[PDB]
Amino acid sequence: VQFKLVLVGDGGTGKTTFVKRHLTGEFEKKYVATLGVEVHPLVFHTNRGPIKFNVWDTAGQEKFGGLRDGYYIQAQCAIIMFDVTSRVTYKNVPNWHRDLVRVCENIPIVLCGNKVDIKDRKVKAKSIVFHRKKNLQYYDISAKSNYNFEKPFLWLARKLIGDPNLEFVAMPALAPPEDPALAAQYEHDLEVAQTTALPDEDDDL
């Protein structure tokens, strides 16, 4: 039970950071552009069993486009990303959408406005209407603050499974288990860790 998800949108909109947050829980502060595509498996636990997303995280910079719409073949669902602090990334949403549905003519698609955590929002909520006539689901999201970060996959899972009451559920937690030749090794990396300041100390958590 796995589904192919293509993730498209302008470079810098946060497609890769969004996926990494779902893969490991980290927030990557650096912008390292994707070259072509990076495929990652992504599993969610639902009351209808596990659902597996094969995320085709494509490249937004044109010079790194790779196979471009070649990545969209046999996609079963998609996420279009843009940056609410960059109006040009929303202006290009119809371009990403046109290329996408020319290959995948009837797949569920989520339009995501990323980076809503930033105060100086440039693409106002009143201006985001492209999803209406194209029947896309829309969400404000922030990969940094995790605002609505689970909504795109929850909505897609419901569409793909055909169950509108599908919900994420807690994965079962098996019991955890319980030498001196590594005491000096772990103590070395602990000391380095204590001297490296935790990031985002002004945050509430």
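When you see a residue number, it is the position in the sequence shown, counting from 1.
I need to verify one thing: averaged over C-alpha atoms only, is the B-factor higher for 88 to 96 or for 117 to 125?
Per the PDB record, 117 to 125.
Got a sec? Mean C-alpha B-factor, which is higher, 136 to 144 or 161 to 169? Higher mean C-alpha B-factor: 161 to 169.
* **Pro152, C-alpha B-factor rank within chain (lowest, middle or highest third)** => It belongs to the lowest third of the chain when residues are ordered by C-alpha B-factor.
Split into thirds by Cα B-factor across the chain's modelled residues, where does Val1 land: lowest, middle or highest?
Within its chain, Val1 is a highest-third residue by C-alpha B-factor, going by the deposited values.
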